[PDB]
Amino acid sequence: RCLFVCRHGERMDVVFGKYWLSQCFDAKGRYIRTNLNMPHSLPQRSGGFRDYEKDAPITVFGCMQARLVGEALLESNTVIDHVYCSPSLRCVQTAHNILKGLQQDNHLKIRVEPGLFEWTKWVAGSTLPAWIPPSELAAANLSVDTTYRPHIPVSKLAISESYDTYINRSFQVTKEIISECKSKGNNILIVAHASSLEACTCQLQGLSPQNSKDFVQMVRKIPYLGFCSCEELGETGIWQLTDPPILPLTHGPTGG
């Protein structure tokens, strides 16, 4: 009956900049944090830590943003039956932290859906990020479903894809998600990107999509852990926006 879509939390490569790896990895490739907003450790990646550069983790405070949202869901008695995320490490980690907040991290298993990845035009670099595969994510103590069959496998995503291609895959993927969850629980959570909130829901509400210009402008409105909800109207496959089951989250920078 309800679909919840939310943006990942605060990024290491935004707080500490594009050259963040320079401030936490030494010449031998040892992780040595230089700020309390950096995690105590980062999982070992199969391609080495240089894989972090196009696929950075959330910060300590990004983890907290996510946890507070999970706690809010719990306090509102909002049951989540199915949870999906983009393959980006920041989305997987946001989902895992929401599950911790919800006290469901030992029960729900996150379905990693490469079809939830953001518009690949925004991939900062020549090629797609070396996403940590679900088996390795589960090994890094992220509550991921290793058996989930993705609607768009990683190899079916195209670098620098068109806007129309991006929009199309969002709606199709969302519809496939809704369909497979249909008989098996009421509420679905998708943890993905700012673009996902617009792209996953636009045609779902029966609205016409916007040009890439209006789209990019709408995407800039979404805060970290920005959270929206839809409710299915009868059948139709038309969903209508609803007031979210939880309060919004707003904080400033450490500043100074």
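A residue's number is simply how far along the shown sequence it sits, counting from 1.
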- Task: Could you settle it for me: does 211-219 or 66-74 have the higher average Cα B factor in the PDB entry?
- Result: 211-219
- Task: Decide which of the stretches 119-127 and 93-101 has the higher mean C-alpha B-factor, going by the entry.
- Result: 119-127
- Message: Take the CA temperature factors straight from the PDB entry and tell me which of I178, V154, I110, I159 peaks.
- Response: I159
- Query: Which third, lowest, middle or highest, does the CA B-factor of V173 fall in along this chain?
  - Reply: middle
- Using the B-factors in the PDB entry, rank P248's C-alpha atom against the chain and give the third, lowest, middle or highest. lowest
- Message: Please say which third, lowest, middle or highest, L142 falls into when its CA temperature factor is compared across its chain.
- Response: highest
- Relative to the other modelled residues in the chain, which third contains the C-alpha temperature factor of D13: lowest, middle or highest? middle
- Item | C228 by Cα B-factor - lowest, middle or highest third of the modelled chain | middle
